[PDB]
Protein chains: 4
Amino acid sequence: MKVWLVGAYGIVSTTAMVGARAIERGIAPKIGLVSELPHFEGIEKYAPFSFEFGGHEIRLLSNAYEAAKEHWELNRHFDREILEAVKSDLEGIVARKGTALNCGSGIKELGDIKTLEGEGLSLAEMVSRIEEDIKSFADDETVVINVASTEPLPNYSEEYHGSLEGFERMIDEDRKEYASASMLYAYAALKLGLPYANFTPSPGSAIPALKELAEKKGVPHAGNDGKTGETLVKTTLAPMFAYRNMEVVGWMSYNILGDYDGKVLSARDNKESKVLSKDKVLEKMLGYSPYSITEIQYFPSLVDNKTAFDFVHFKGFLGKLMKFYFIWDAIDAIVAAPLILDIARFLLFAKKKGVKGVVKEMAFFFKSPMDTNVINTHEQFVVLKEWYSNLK
Amino acid sequence: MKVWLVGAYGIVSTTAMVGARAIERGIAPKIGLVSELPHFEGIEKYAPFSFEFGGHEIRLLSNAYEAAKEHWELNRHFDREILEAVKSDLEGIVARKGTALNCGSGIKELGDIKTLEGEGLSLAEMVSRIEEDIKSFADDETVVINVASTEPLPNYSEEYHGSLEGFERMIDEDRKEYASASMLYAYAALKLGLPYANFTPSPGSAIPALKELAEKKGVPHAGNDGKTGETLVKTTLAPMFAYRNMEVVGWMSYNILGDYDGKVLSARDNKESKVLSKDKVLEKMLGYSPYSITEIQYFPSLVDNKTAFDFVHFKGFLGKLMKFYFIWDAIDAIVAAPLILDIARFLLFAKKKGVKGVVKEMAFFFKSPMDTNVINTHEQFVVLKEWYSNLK
Amino acid sequence: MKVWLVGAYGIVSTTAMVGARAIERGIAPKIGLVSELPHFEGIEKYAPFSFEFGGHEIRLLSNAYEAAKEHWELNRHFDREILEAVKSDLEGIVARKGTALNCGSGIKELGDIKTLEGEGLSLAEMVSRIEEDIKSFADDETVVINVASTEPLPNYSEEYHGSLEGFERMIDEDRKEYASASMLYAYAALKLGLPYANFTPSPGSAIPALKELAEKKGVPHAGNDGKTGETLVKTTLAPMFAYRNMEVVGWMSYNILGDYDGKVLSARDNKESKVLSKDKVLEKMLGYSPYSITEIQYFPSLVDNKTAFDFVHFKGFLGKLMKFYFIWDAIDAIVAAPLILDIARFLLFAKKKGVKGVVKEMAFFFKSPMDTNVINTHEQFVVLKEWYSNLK
Amino acid sequence: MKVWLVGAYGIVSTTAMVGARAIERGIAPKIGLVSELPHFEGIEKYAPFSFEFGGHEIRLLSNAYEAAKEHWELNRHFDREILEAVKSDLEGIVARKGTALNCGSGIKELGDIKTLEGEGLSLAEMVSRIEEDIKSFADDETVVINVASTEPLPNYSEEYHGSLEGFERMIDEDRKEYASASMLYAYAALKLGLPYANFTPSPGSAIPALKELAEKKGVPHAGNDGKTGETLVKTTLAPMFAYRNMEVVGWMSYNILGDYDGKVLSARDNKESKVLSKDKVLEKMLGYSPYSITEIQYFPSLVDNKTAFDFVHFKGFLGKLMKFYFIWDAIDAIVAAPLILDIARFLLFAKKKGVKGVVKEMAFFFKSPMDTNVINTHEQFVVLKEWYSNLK
Ligand SMILES: NC(=O)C1=CN([C@@H]2O[C@H](COP(=O)(O)OP(=O)(O)OC[C@H]3O[C@@H](n4cnc5c(N)ncnc54)[C@H](O)[C@@H]3O)[C@@H](O)[C@H]2O)C=CC1
Ligand SMILES: NC(=O)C1=CN([C@@H]2O[C@H](COP(=O)(O)OP(=O)(O)OC[C@H]3O[C@@H](n4cnc5c(N)ncnc54)[C@H](O)[C@@H]3O)[C@@H](O)[C@H]2O)C=CC1
Ligand SMILES: NC(=O)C1=CN([C@@H]2O[C@H](COP(=O)(O)OP(=O)(O)OC[C@H]3O[C@@H](n4cnc5c(N)ncnc54)[C@H](O)[C@@H]3O)[C@@H](O)[C@H]2O)C=CC1
Ligand SMILES: NC(=O)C1=CN([C@@H]2O[C@H](COP(=O)(O)OP(=O)(O)OC[C@H]3O[C@@H](n4cnc5c(N)ncnc54)[C@H](O)[C@@H]3O)[C@@H](O)[C@H]2O)C=CC1
Ligand SMILES: O=C(COP(=O)(O)O)[C@@H](O)[C@H](O)[C@H](O)C(O)O
Ligand SMILES: O=C(COP(=O)(O)O)[C@@H](O)[C@H](O)[C@H](O)C(O)O
Ligand SMILES: O=C(COP(=O)(O)O)[C@@H](O)[C@H](O)[C@H](O)C(O)O
Ligand SMILES: O=C(COP(=O)(O)O)[C@@H](O)[C@H](O)[C@H](O)C(O)O
Ligand code: NA
Ligand code: NA
């Protein structure tokens, strides 16, 4: 199959590229891959473990191997012998110039970038480069996945976002003020009839205009925002307190990381998309809102080794309060990269099975799942198991 | 309804007594009570929030109020104004002299005790005092719940434990070597046709002899071992790692507490029942055994404020290892006492609905659930919800 | 002796009042009191354990007992029987109306307040009420200690703060823009010849104008900012890494609390004084600056039970990095209140021994010690021991 | 200089070998080396950074490079490029066959071993091989350092250990029952006039017989037991509580590690030396004994990445209790290896400066310092600074 990756040279994207190839050459286990659990046997009939990559980037380096080695140099999150083995394959992967349109102040923190909007292109001219890049790569087994730096909350507009006819009116009128890059790549992929997922809290295809386009074109799509570590624990453990009829009176979630993700998120406008996504799950699960605080801070020594400190204060019998603390220490790229490969395969499955529009049953992968109030990790895992069985 | 409590003067038992009454007088919330969740509406038709207490003890103090105040003095785990309000009610609760038969070396740590076996009674003569105590209290809405100090692993015997006819042959032959107190109280309650639950890792009714008696007499029973804090988190979080296709390579669980429970468990023979119960859940959920360590140590300054430190080392994509840590800080009596009241009400429900034998669907309350391989907290909560709906 | 307390109805101030009296009535141990360590035997010759209180407040409640009970109701940080025992004594303590001049936006969070500036008084008229209040209370064994809500960083001015003649020119010209309440109370106390300490990161007497006045008047003074929990651990543990020739590459300090202190500090202008004070100690001890982050967030369920999460990332032999984590769980009022009593006694000692100006050797009590680069807790404790011996 | 290392192929020993050479070839920083702090400038006049190695082992592998690579393969605690750079140097280091005489049951856990006692040699014949090995290597700038697996507590004997004349009577009588390997290597080194340090809690030279021999021969010696991580924090932080007049009511120290050290310590007899050494520091610093628990457990996934969980429960003002928690995550070999090089250089310094007998002023390096009640890390660091200045 083919995966077009937005933000192709990022750490999640390149680790997924590295892992795909290492697994295919026989030199790495299949750990981490949900699509490889026993419940999903038979998936290889529809979406075999077999990948070619392309993508869009704004940080142009020469190819995906150079990009993979840069992140590896700082992180050493897989073995040198893997990097060497997949070098040749990755050196053949060369990203194309994307758009950082309205992606917030945090993009400054990436250093040397080049973008389509920086060439003076109108929105319509931009959309055409993007589509030309994707379609020249795409086949009948291609999916597009956004792994780009998180954008800030967009300037929402009813006219331009609330219908597909209004969204295309935006493009025709070149009204950039209301377009963000994640929407343009989503639009390009759905217009081309490719399945799409959004791994980030950017809006992507999560506006009605693009949901309406997905249904009309008969294309499945999924999102938003990879739920990979601290928020995974949150949607696993919060349920325990409800099962036992306990009130959660406060939940603190404090995250510190470095590398390119922590750097963009060091900016206040970019940080807000991610924080809101992480914060808001509590109410949806419990029915009420405990005093929550969720923060992300840059901490460069940690590089991609994001660490999360959480504290949960909660009331039990007779009203007495009590305390639970947890600390999560993981490489972000390691818990996210297999999910990119899972999402790609499940999208292809859903595509081959006639599924259109939001695949709400992929909520399990995401912090902010489209079209569903199923947040609980256990329930999400049941829904995804059952969804697959119903279509298999 | 009536609850006969084995270990009536313990902290869990007295906190439950205090809480029952405080709730009934209107001065405490219903937090902590599973049986008060919205899914279980209508339960009050079969098991209203309404309790009278009695029980067996070996530490004879004058009454349940003196016993409640002693634990309160050290713990202050509810307000003085609650203690004052429920004083009169508790002063009417007076335990009867039980048996500490073969309850292990740790019983020395309780100080001044008096027991039936210490009076020279045969097993048959013991069983008769126990039954006479219980039946003089019991009505058609009575349940017996074991909350006594944890016993060591028993000397298991096929003849004497593997059939009801062999168990009664033990009693007739006065073969004490093979009887433990928890089995004698279980036997007494089931012989009398009362529902029984075991809140501790002692054997209780979890031997075939007594399971066979429960079916024959048509009595429901449940157990074993309240799953209340660290093991609750364990059966909630371990699933997350399986959902994501991660290998758990080691799990450490280190617990330190004081008061009467930590004191009995300071003994190596008594400690083993509890440790095995806490340890063994991992395999049952995951399919394989990570390197696990589970310890309990006395730490007197903590009194009933058991604190648990856990560390989970686990492999993800590409085999890279990663770390999760958690610390649990709660009053044991506070997370256990509402469950005693829940178990009592659910037993009465099950009784009134024609249920006999092990109520496997009460696994949610227990670390070592009888007759079931459902360990996962989420699944256990679904089974209990569904069980109730099917009988309501 | 007498202690005039600025912020008399706060939690630290009232807990110190409660504790003083409980100790004097014989019903509480002397734990927590540095001045009661064996090295300081003989101090009772100069500063016996014997206290009368008065003070300034802007939250006017009826008396110090009402104020003590309000904090106790939420915190229960000492026993009911103590509160009852010291009730009569505290009911005789009635604060006088102070000034919240330029104390930042966070003062809104205290609710109902009344202030001298709110009466239209000029600076000179304000200074006169303050001095009249203090002098009508003061004797030859009186000290004034600021325990008021933390102010923001002041508008610093060379003319008005850099000399005593320029500071009094400010008062004569009624130039409020450049005066903050903490400076006015410091000025009032030093003008009256009373020793002064500042327990907060407000400026207080830490401007040259007031240091010059302290020397001229021959009055000892100390500050700034009680070092009581997380920053105490910081100045104790950071040294370990230097002793062992390790580079600290990052130190995160994340604090969450509620009650009146967390509420005022929830405001960004007020928060900054405290954060800078907590943050800046690292460089002073180590010689260089690790990447540090220090945050304070409101978390109301915790009330005065401030909890601190810290993480220290550090390099060792061969450059390999490594991790230390700590979590501090304490009642702020409990670790601060005995130090108020210690500071008062040590000030009186220093006064009776002819000491004038900044008592730099009291650095041990403070996060931002005036006139000293001795930050290390061990060194600070040696300096204070030696200082006392040299004057005893 | 030369360092003879007992347990030459262990992880601490080989990491120190690797580091020495990497530093000398210019490719690693001097971080971790106390002897490289600015206070110790001029030490290179007496003990330059310049090392040749030899040693005794019972696990015979071909040479020190093979041994270094085995630990590296599991731990990756320095870079591959370092291992490659120092390969040739280490391949020239070949250990000689030592003695595991009375080293406890845990030695079984090392797998394939060969020993002098296994050849049938008497004690006197053993002592002669050891001395012949050491003296054929030794020069006027040689030191012997024990880094061997921890032994159990020895069978102490007044006759055979309480005097040098009684110790040699043991050797003459071939009374093995009373000799342990660590004493034999200590004896061999001091008889040969070499300085000796003991990095482990084995007895080594810490018996009067050998202390008396050190004085008589005029040889300096130091020990016992590298204080490197959790116990370093303990002797740094415990003082804070005394400085502030707080009672420590309980301290739990729970350690889990794997590799060869955790494996030997998995045995109950070997574990006890280390646990007692770690536990007993509290009383010596504070004056009294808090309820302490100190445990070490094998946890193989962690290899040499020992992790320590500690909890400190302590009383403050008014008697209110409060909690501090810490977690230490470090590679044991990384915090210990530079200290071997420091100890060697400081021993040579002390030797060249006429120092004889126990160098009590090296207590800073050790958990159980000989001939001193100075336990506090700060005081220990002052003593070592001052000692060096006095002799420089
Ligand atoms: N555990 C994880 O790593 C999870 C990551 N995320 C999100 O996934 C995304 C990727 O994470 P990382 O790889 O760690 O960050 P990264 O910064 O290393 O990778 C993002 C890449 O996208 C490129 N990029 C940014 N904006 C672009 C645009 N508009 N068009 C084309 N390329 C663009 C950047 O040059 C960079 O190479 C981030 O947005 C992050 O918030 C979401 C949940 C969890
Ligand atoms: N969170 C919790 O508190 C949980 C508790 N458990 C178990 O529940 C039991 C009760 O816990 P606590 O109330 O904390 O302990 P506790 O020691 O305060 O209460 C037990 C009481 O039972 C009495 N007793 C002991 N053996 C007896 C016997 N053979 N016959 C009659 N009375 C006897 C003792 O005198 C004592 O009053 C313990 O076995 C504990 O292991 C199980 C899971 C969790
Ligand atoms: N561990 C601790 O509790 C430490 C506290 N601090 C500082 O000590 C101070 C006292 O702490 P808490 O008692 O917890 O806070 P609190 O808010 O309960 O007490 C402060 C009191 O001062 C009053 N106040 C505020 N501004 C005033 C003014 N300008 N004039 C007169 N009264 C005024 C308020 O009405 C309040 O009653 C805070 O500034 C805090 O930052 C410093 C280090 C540590
Ligand atoms: N942070 C640390 O690594 C600290 C280590 N220690 C002690 O330092 C010692 C070394 O630690 P590691 O290198 O981690 O362990 P390791 O087991 O990898 O190294 C010990 C080596 O000594 C050899 N050995 C054992 N007994 C011997 C004997 N009687 N004669 C000659 N060789 C013998 C073994 O074959 C092994 O190669 C251990 O005793 C440990 O308890 C003490 C404090 C801290
Ligand atoms: O999106 C998330 C959060 O997902 P979670 O790890 O909370 O499940 C992460 O990628 C995020 O960028 C940082 O790791 C976090 O420290 O802010
Ligand atoms: O039975 C348990 C364990 O249940 P868990 O809190 O692990 O779910 C507790 O009652 C036990 O006695 C101690 O709290 C534990 O420290 O040993
Ligand atoms: O001044 C300090 C800090 O002193 P430290 O406890 O850091 O030694 C505290 O009073 C502060 O107000 C909060 O507790 C902290 O969470 O911001
Ligand atoms: O000797 C010690 C303890 O020194 P500490 O790290 O406590 O300062 C260590 O080498 C020990 O072998 C283990 O790391 C510990 O987990 O038992
Ligand atoms: Na860690
Ligand atoms: Na806590």
# chains A, B, ... in the order shown; residues from 1 in each chain; ligands from 1

call {"tool": "residues_near_ligand", "arguments": {"ligand": "ligand 8", "cutoff": "7 Å", "atoms": "only C-alpha atoms and all ligand atoms", "output": "PyMOL selection string"}}
result
chain D and resi 225-233+255-257+261-262+274-275+278+296+306-308+332

call {"tool": "write_last_selection", "arguments": {"atoms": "N, CA, C and O atoms", "output": "PDB file, in the first residue's frame"}}
result
ATOM      1  N   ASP D 225      32.364   0.467  51.141  1.00  0.00           N
ATOM      2  CA  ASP D 225      31.119   0.359  50.370  1.00  0.00           C
ATOM      3  C   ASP D 225      30.743   1.619  49.592  1.00  0.00           C
ATOM      4  O   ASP D 225      30.299   2.604  50.165  1.00  0.00           O
ATOM      5  N   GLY D 226      30.918   1.616  48.276  1.00  0.00           N
ATOM      6  CA  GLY D 226      30.679   2.823  47.509  1.00  0.00           C
ATOM      7  C   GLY D 226      29.299   3.351  47.793  1.00  0.00           C
ATOM      8  O   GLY D 226      28.331   2.605  47.690  1.00  0.00           O
ATOM      9  N   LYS D 227      29.223   4.635  48.176  1.00  0.00           N
ATOM     10  CA  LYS D 227      27.972   5.329  48.357  1.00  0.00           C
ATOM     11  C   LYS D 227      27.718   6.151  47.104  1.00  0.00           C
ATOM     12  O   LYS D 227      28.345   7.187  46.887  1.00  0.00           O
ATOM     13  N   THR D 228      26.777   5.702  46.284  1.00  0.00           N
ATOM     14  CA  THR D 228      26.752   6.152  44.900  1.00  0.00           C
ATOM     15  C   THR D 228      25.391   6.738  44.402  1.00  0.00           C
ATOM     16  O   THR D 228      25.383   7.640  43.528  1.00  0.00           O
ATOM     17  N   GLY D 229      24.279   6.244  44.942  1.00  0.00           N
ATOM     18  CA  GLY D 229      22.963   6.694  44.485  1.00  0.00           C
ATOM     19  C   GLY D 229      21.970   6.913  45.596  1.00  0.00           C
ATOM     20  O   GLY D 229      21.936   7.960  46.232  1.00  0.00           O
ATOM     21  N   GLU D 230      21.133   5.924  45.851  1.00  0.00           N
ATOM     22  CA  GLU D 230      20.093   6.126  46.808  1.00  0.00           C
ATOM     23  C   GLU D 230      20.651   6.524  48.199  1.00  0.00           C
ATOM     24  O   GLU D 230      20.098   7.408  48.866  1.00  0.00           O
ATOM     25  N   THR D 231      21.762   5.914  48.625  1.00  0.00           N
ATOM     26  CA  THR D 231      22.347   6.200  49.940  1.00  0.00           C
ATOM     27  C   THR D 231      23.065   7.560  50.002  1.00  0.00           C
ATOM     28  O   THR D 231      22.980   8.275  51.024  1.00  0.00           O
ATOM     29  N   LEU D 232      23.658   7.971  48.886  1.00  0.00           N
ATOM     30  CA  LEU D 232      24.063   9.364  48.655  1.00  0.00           C
ATOM     31  C   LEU D 232      22.930  10.395  48.859  1.00  0.00           C
ATOM     32  O   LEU D 232      23.158  11.468  49.448  1.00  0.00           O
ATOM     33  N   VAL D 233      21.735  10.115  48.332  1.00  0.00           N
ATOM     34  CA  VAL D 233      20.618  11.031  48.489  1.00  0.00           C
ATOM     35  C   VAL D 233      20.238  10.993  49.944  1.00  0.00           C
ATOM     36  O   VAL D 233      20.008  12.050  50.548  1.00  0.00           O
ATOM     37  N   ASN D 255      14.785  -0.982  46.396  1.00  0.00           N
ATOM     38  CA  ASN D 255      15.707  -0.946  45.279  1.00  0.00           C
ATOM     39  C   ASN D 255      15.511  -2.218  44.440  1.00  0.00           C
ATOM     40  O   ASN D 255      15.256  -3.319  44.994  1.00  0.00           O
ATOM     41  N   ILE D 256      15.618  -2.083  43.119  1.00  0.00           N
ATOM     42  CA  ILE D 256      15.325  -3.207  42.235  1.00  0.00           C
ATOM     43  C   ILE D 256      16.351  -3.002  41.139  1.00  0.00           C
ATOM     44  O   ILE D 256      16.610  -1.870  40.777  1.00  0.00           O
ATOM     45  N   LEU D 257      17.048  -4.061  40.733  1.00  0.00           N
ATOM     46  CA  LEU D 257      18.081  -3.946  39.719  1.00  0.00           C
ATOM     47  C   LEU D 257      18.250  -5.333  39.149  1.00  0.00           C
ATOM     48  O   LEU D 257      17.717  -6.304  39.694  1.00  0.00           O
ATOM     49  N   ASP D 261      25.293  -7.920  39.752  1.00  0.00           N
ATOM     50  CA  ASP D 261      25.096  -7.431  41.122  1.00  0.00           C
ATOM     51  C   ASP D 261      23.706  -7.819  41.720  1.00  0.00           C
ATOM     52  O   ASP D 261      23.621  -8.342  42.839  1.00  0.00           O
ATOM     53  N   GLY D 262      22.620  -7.578  40.985  1.00  0.00           N
ATOM     54  CA  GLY D 262      21.279  -7.874  41.485  1.00  0.00           C
ATOM     55  C   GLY D 262      21.093  -9.362  41.686  1.00  0.00           C
ATOM     56  O   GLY D 262      20.368  -9.778  42.590  1.00  0.00           O
ATOM     57  N   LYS D 274      24.776  -5.661  52.252  1.00  0.00           N
ATOM     58  CA  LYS D 274      24.415  -4.431  51.552  1.00  0.00           C
ATOM     59  C   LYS D 274      23.260  -3.672  52.190  1.00  0.00           C
ATOM     60  O   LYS D 274      23.320  -2.439  52.309  1.00  0.00           O
ATOM     61  N   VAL D 275      22.218  -4.407  52.577  1.00  0.00           N
ATOM     62  CA  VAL D 275      21.025  -3.846  53.216  1.00  0.00           C
ATOM     63  C   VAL D 275      21.370  -3.143  54.534  1.00  0.00           C
ATOM     64  O   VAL D 275      20.942  -2.001  54.751  1.00  0.00           O
ATOM     65  N   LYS D 278      23.355   0.169  53.791  1.00  0.00           N
ATOM     66  CA  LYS D 278      22.335   1.153  53.382  1.00  0.00           C
ATOM     67  C   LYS D 278      21.367   1.640  54.503  1.00  0.00           C
ATOM     68  O   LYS D 278      21.037   2.833  54.591  1.00  0.00           O
ATOM     69  N   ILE D 296      16.408  -4.946  48.671  1.00  0.00           N
ATOM     70  CA  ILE D 296      16.974  -5.007  47.314  1.00  0.00           C
ATOM     71  C   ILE D 296      16.290  -6.224  46.728  1.00  0.00           C
ATOM     72  O   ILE D 296      16.145  -7.208  47.418  1.00  0.00           O
ATOM     73  N   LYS D 306      19.781   0.346  38.008  1.00  0.00           N
ATOM     74  CA  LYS D 306      19.160   0.241  39.324  1.00  0.00           C
ATOM     75  C   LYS D 306      18.252   1.436  39.529  1.00  0.00           C
ATOM     76  O   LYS D 306      18.668   2.555  39.235  1.00  0.00           O
ATOM     77  N   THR D 307      17.054   1.200  40.086  1.00  0.00           N
ATOM     78  CA  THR D 307      16.007   2.235  40.324  1.00  0.00           C
ATOM     79  C   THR D 307      15.660   2.041  41.763  1.00  0.00           C
ATOM     80  O   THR D 307      15.583   0.883  42.168  1.00  0.00           O
ATOM     81  N   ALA D 308      15.394   3.135  42.510  1.00  0.00           N
ATOM     82  CA  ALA D 308      15.247   3.140  43.950  1.00  0.00           C
ATOM     83  C   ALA D 308      13.997   3.917  44.239  1.00  0.00           C
ATOM     84  O   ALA D 308      13.816   4.944  43.652  1.00  0.00           O
ATOM     85  N   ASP D 332      24.004   2.142  37.711  1.00  0.00           N
ATOM     86  CA  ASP D 332      24.922   1.973  38.830  1.00  0.00           C
ATOM     87  C   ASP D 332      26.395   2.117  38.426  1.00  0.00           C
ATOM     88  O   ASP D 332      27.157   2.788  39.119  1.00  0.00           O
TER      89      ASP D 332
END

call {"tool": "residues_near_ligand", "arguments": {"ligand": "ligand 2", "cutoff": "8 Å", "atoms": "only C-alpha atoms and all ligand atoms", "output": "PyMOL selection string"}}
result
chain B and resi 6-14+56-60+71+97-101+103+107+110+113+146-151+181-182+199-202+225-229+259-265+274+304+331-337+367

call {"tool": "residues_around", "arguments": {"residues": "residue 347 of chain D", "least_positions_apart": "4", "cutoff": "12 Å", "atoms": "only C-alpha atoms", "output": "number ranges by chain"}}
result
D: 1-3, 35, 43, 46-47, 141-145, 194-198, 219-223, 339-343, 351-362, 388

call {"tool": "closest_atom_pairs", "arguments": {"of": "chain C", "to": "chain B", "cutoff": "12 Å", "atoms": "only C-alpha atoms", "output": "Markdown table"}}
result
| residue | atom | partner | partner_atom | distance |
| --- | --- | --- | --- | --- |
| C:73 | CA | B:79 | CA | 11.7 |
| C:76 | CA | B:79 | CA | 10.5 |
| C:79 | CA | B:76 | CA | 10.5 |
| C:80 | CA | B:80 | CA | 9.5 |
| C:81 | CA | B:80 | CA | 11.6 |
| C:325 | CA | B:325 | CA | 11.1 |
| C:326 | CA | B:327 | CA | 12.0 |
| C:327 | CA | B:327 | CA | 10.5 |
| C:329 | CA | B:329 | CA | 11.4 |

call {"tool": "residues_around", "arguments": {"residues": "residue 125 of chain D", "least_positions_apart": "3", "cutoff": "12 Å", "atoms": "only C-alpha atoms", "output": "NGL selection string"}}
result
:D and (99 or 116-117 or 119-122 or 128-132 or 171-174 or 184 or 188)

call {"tool": "atom_distance", "arguments": {"atom1": "atom CA of residue 389 of chain B", "atom2": "atom CA of residue 344 of chain B"}}
result
18.0 Å

call {"tool": "atom_distance", "arguments": {"atom1": "atom CA of residue 269 of chain C", "atom2": "atom 4 (C, counted along the ligand's line) of ligand 3"}}
result
17.7 Å

call {"tool": "select_by_dssp", "arguments": {"residues": "segment 22-180 of chain D", "states": "strand (DSSP E or B)", "output": "ChimeraX atom specification"}}
result
/D:52-57,96-97,142-146

call {"tool": "atom_distance", "arguments": {"atom1": "atom CA of residue 248 of chain D", "atom2": "atom CA of residue 294 of chain D"}}
result
15.2 Å

call {"tool": "residues_around", "arguments": {"residues": "residue 321 of chain D", "least_positions_apart": "5", "cutoff": "10 Å", "atoms": "only C-alpha atoms", "output": "PyMOL selection string"}}
result
(chain B and resi 301-302) or (chain C and resi 77+329-331+334) or (chain D and resi 246-249+313-316)

call {"tool": "select_by_dssp", "arguments": {"residues": "segment 214-298 of chain B", "states": "alpha helix (DSSP H)", "output": "compact mmCIF listing (two decimals) with C-alpha atoms, in the first residue's frame"}}
result
# COMPACT_ATOMS: atom_id res chain seq x y z
CA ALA B 214 -23.88 -23.86 48.19
CA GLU B 215 -25.48 -25.39 45.03
CA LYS B 216 -27.28 -28.16 46.98
CA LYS B 217 -28.64 -25.73 49.60
CA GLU B 230 -3.36 -1.09 44.01
CA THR B 231 -4.84 -4.31 42.47
CA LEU B 232 -7.83 -2.33 41.15
CA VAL B 233 -5.36 -0.04 39.31
CA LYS B 234 -3.43 -3.11 38.14
CA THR B 235 -6.51 -4.75 36.55
CA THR B 236 -7.48 -1.39 35.03
CA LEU B 237 -4.08 -0.45 33.50
CA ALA B 238 -2.58 -3.80 32.48
CA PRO B 239 -5.30 -4.12 29.70
CA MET B 240 -4.09 -0.81 28.13
CA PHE B 241 -0.77 -2.47 27.24
CA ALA B 242 -2.48 -5.46 25.64
CA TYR B 243 -4.88 -3.18 23.67
CA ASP B 259 -2.53 -1.00 61.86
CA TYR B 260 -3.92 -4.49 62.51
CA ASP B 261 -3.89 -5.63 58.85
CA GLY B 262 -0.19 -4.71 58.24
CA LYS B 263 0.68 -6.30 61.61
CA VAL B 264 -0.84 -9.75 60.80
CA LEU B 265 0.64 -9.54 57.28
CA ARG B 268 5.41 -14.62 56.44
CA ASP B 269 2.77 -17.37 56.46
CA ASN B 270 -0.19 -14.87 56.55
CA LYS B 271 1.47 -12.50 54.02
CA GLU B 272 1.62 -15.25 51.32
CA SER B 273 -2.18 -15.56 50.77
CA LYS B 274 -2.41 -11.83 50.04
CA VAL B 275 0.76 -11.54 47.93
CA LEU B 276 -0.22 -14.48 45.64
CA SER B 277 -3.75 -13.01 45.19
CA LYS B 278 -2.28 -9.56 44.24
CA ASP B 279 0.54 -11.04 42.03
CA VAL B 281 -3.82 -11.35 38.10
CA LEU B 282 -1.21 -10.31 35.53
CA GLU B 283 -0.90 -13.60 33.71
CA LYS B 284 -4.70 -14.10 33.69
CA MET B 285 -5.18 -10.81 31.84
CA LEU B 286 -2.25 -10.78 29.50

call {"tool": "closest_residue", "arguments": {"among": "B:305, B:245, B:163, B:62", "to": "ligand 6", "atoms": "only C-alpha atoms and all ligand atoms"}}
result
B:305
